[PDB]
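Input: a single structure, listed below in structure tokens.
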Amino acid sequence: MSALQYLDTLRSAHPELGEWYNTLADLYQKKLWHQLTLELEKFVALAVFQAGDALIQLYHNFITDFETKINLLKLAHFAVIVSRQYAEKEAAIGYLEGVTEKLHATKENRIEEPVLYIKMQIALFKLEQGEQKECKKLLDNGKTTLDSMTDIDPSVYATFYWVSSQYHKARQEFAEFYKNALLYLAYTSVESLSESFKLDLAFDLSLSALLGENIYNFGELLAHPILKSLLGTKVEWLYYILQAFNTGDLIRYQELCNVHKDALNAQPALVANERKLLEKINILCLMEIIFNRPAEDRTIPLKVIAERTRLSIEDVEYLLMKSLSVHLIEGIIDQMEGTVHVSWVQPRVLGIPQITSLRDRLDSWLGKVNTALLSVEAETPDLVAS
Amino acid sequence: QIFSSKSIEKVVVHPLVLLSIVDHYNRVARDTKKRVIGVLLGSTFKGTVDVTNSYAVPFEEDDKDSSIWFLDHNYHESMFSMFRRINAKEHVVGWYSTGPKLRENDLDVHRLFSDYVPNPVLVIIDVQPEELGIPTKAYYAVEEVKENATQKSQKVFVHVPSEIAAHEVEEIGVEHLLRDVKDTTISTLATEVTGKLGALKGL
Amino acid sequence: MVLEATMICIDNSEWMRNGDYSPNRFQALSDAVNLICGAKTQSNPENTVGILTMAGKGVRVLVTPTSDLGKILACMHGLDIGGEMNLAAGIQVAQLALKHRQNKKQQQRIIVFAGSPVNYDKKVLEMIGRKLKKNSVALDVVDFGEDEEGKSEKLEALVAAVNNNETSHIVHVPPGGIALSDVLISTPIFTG
């Protein structure tokens, strides 16, 4: 049944878009496919048609004709937007499998990218169905396919890391969710997203970082503007808690918790893990404590570590050997006088004042080099002239 | 497991290359601030780029619009065929730039050139060196994915160690050229103290 | 015979996918470009022929000037057609690519294929043509497809801004069954 008749029928159905349908028909008659894809991207981006089966029939009766001439990534995008609108997820899964088979039958050298895109959407759909093992298999296969091909569309990385993130969230792996979603926010432009999803993702990522084992680098998290998007919302308490973590301020986090007892009680994930983030903030306090000291005094008594941590000798030693074991730190600890010889020093997070301090230090060492050179130059004349 | 492209560990730059490049700059840019560009020929082994021979490849770049840069591929591929005929062992390894500093269009030069070599190397050679050191600095393009979302994958040139060694024949010719100047009777200390002092002037 | 450096500013917008021209507008344009490359190479083995795409996610230079007809044919066979042509950015990158010169003595010639309507202000085209005039770059404009009111005037204005001692011409190819290559043969583009 001719596509033009379908366009006419829809035009009759929706007079409000008669001009757009006329433009689409003119493109079709003029065999104009790609700017047609652009106008179709605008058309779908218009959320007016997001409710209804009209787009499913539109695909079935219109896009099958252009599968051989339209860019495969755009075809995959349209197919996924269509699959999102199916009420039954199994039907969408079958449709995605069919389009993947058609793409494979196309036999092009670039089938792998849109095919991976569609496969990963299918894996997400089974994730919504709870079929975790199949999702993991598809994730492994997708890793393998990504490895074999280079110069990929960044959207492919973005969507893959999105779906892998949701996988690990269903797995309650805060660390791997944190890493994969950080990769996502390394690939997926912020401005393209809505503030609602921005707040939701920021909340989830901050929660994962708080619960992401072995993750203590909150500077990157604090840096990204998604959190600046959290400013002005009901979850500013969480950003303040993250700042306290980065500052290692145990007391600051203490009144932050006391003020926000209700909100923390509102989320069972934080309540059960009290010991874990308590240890984490103790360790962060320890690392910033060592950061304050120079490298010339990386020996510190266990007592001072206790008072800064308010924490017992046995437990201070426990925390020390833990944050030395995780490859967070490297060093030695002497019990006889109770001192900690860390070979543990980091390099990042400082501002204009430390720049001026390094100014003073560099002037000092320029003077030291100057006196050394002057000594050499004063010693030379009596000695090179012989 | 994505980085199947052998990372370029080091680049060895031999005299003949530098002499050819200097003569190219003189002939094409003795009295102009225009840079001279060319192509680097040789073999890559175990992450080491042997830059054996190079030839003049004429270059223009508008003094007003730096983004615009006249280099063409006809003579490039012609010389690939002709030199490879002469010496089948060699193949293209990179493209060299005669100047003190990089320019943004070096990136698009690298992009166009990588079609000929999957792992091309950009070597900047200062035809008039003022600093005490090796006049060559090696580069290769790496697709760095910044953790910031709003920027697409940007190709950034990453420095690689560059070294100067001369074949037995090239060493012979170099000493024959350098007899009127060079010093072999220096007791090793004089050399080492001089090098340490120059290093102190550096740090 | 004069040494010429030509960059074939190929459009990749939709308006070459129309079946009205020959069997396919894009195939006809590919044949025309191949014939132009062959003729320019036959004029002098030193002649340089380059390729550029105006439409898509952005103006991309597939093959900067070259005489290896194999590369040109391979890149024409692997073309992904599409997008809205960026005539202003297309011509700017065309100057970028015609300053892709080994032999500095050759001349600069732009061949522009216009198949889609030009939604560009007269003033922008005039400034671009004046920049080309300052750069002494010859521009050949091939207007093909259905003649929408305004495209021809803009192209003629650009040609006038670029005209320098009758070194720039505008060719209007009427729609029909006549192959684009046949019309292009009789144009001053080939005779020089």
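Naming scheme: A, B, ... for chains in displayed order of the structure tokens; residues 1 onward per chain; ligands 1 onward as shown.
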Q.
Just want the 6 Å neighbourhood of residue 86 (chain C), counted on only C-alpha atoms, with same-chain residues fewer than 4 positions away dropped. Output as a VMD selection string.
A. chain C and resid 54 to 55 90
Could you turn the residues from that selection into a file that holds C-alpha atoms, as a compact mmCIF listing (two decimals), in the first residue's frame?
# COMPACT_ATOMS: atom_id res chain seq x y z
CA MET C 54 29.09 19.76 1.74
CA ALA C 55 26.20 18.05 3.55
CA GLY C 90 31.38 24.05 2.08
Chain B near chain A within 9 Å: what's each residue's closest atom pair and its distance in Å to one decimal, counting only C-alpha atoms, ordered by chain then ascending residue number, as a Markdown table?
| residue | atom | partner | partner_atom | distance |
| --- | --- | --- | --- | --- |
| B:1 | CA | A:147 | CA | 6.2 |
| B:2 | CA | A:147 | CA | 4.6 |
| B:3 | CA | A:147 | CA | 8.2 |
| B:4 | CA | A:147 | CA | 8.8 |
| B:145 | CA | A:186 | CA | 7.2 |
| B:146 | CA | A:186 | CA | 6.3 |
| B:147 | CA | A:186 | CA | 4.1 |
| B:148 | CA | A:186 | CA | 4.9 |
| B:149 | CA | A:186 | CA | 4.2 |
| B:150 | CA | A:189 | CA | 4.3 |
| B:151 | CA | A:189 | CA | 7.3 |
| B:152 | CA | A:187 | CA | 7.4 |
| B:153 | CA | A:154 | CA | 7.9 |
| B:197 | CA | A:373 | CA | 8.8 |
| B:200 | CA | A:369 | CA | 7.8 |
| B:201 | CA | A:369 | CA | 8.4 |
Show me, as a compact mmCIF listing (two decimals) with C-alpha atoms, in the first residue's frame, the residues that have an atom within 9 Å of residue 80 (chain A) when counting only C-alpha atoms, minus same-chain residues fewer than 6 positions from it.
# COMPACT_ATOMS: atom_id res chain seq x y z
CA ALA A 92 9.50 -5.03 21.20
CA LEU A 96 14.44 -5.55 17.68
CA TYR A 117 23.19 -0.43 19.79
CA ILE A 118 20.05 -2.50 19.21
CA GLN A 121 18.60 -1.95 23.98
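Counting only C-alpha atoms, the residue from C:65, C:51, C:82, C:41 that sits nearest to chain A is C:82.
Distance annotation: of C:20, C:46, C:84, C:153, the residue with the minimal separation from chain B is C:46; atom set is only C-alpha atoms.
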Q.
Based on only C-alpha atoms, which of the residues in chain C come within 9 Å of chain B? I want them as a PyMOL selection string.
A. chain C and resi 46-48+63-68+93+95-104
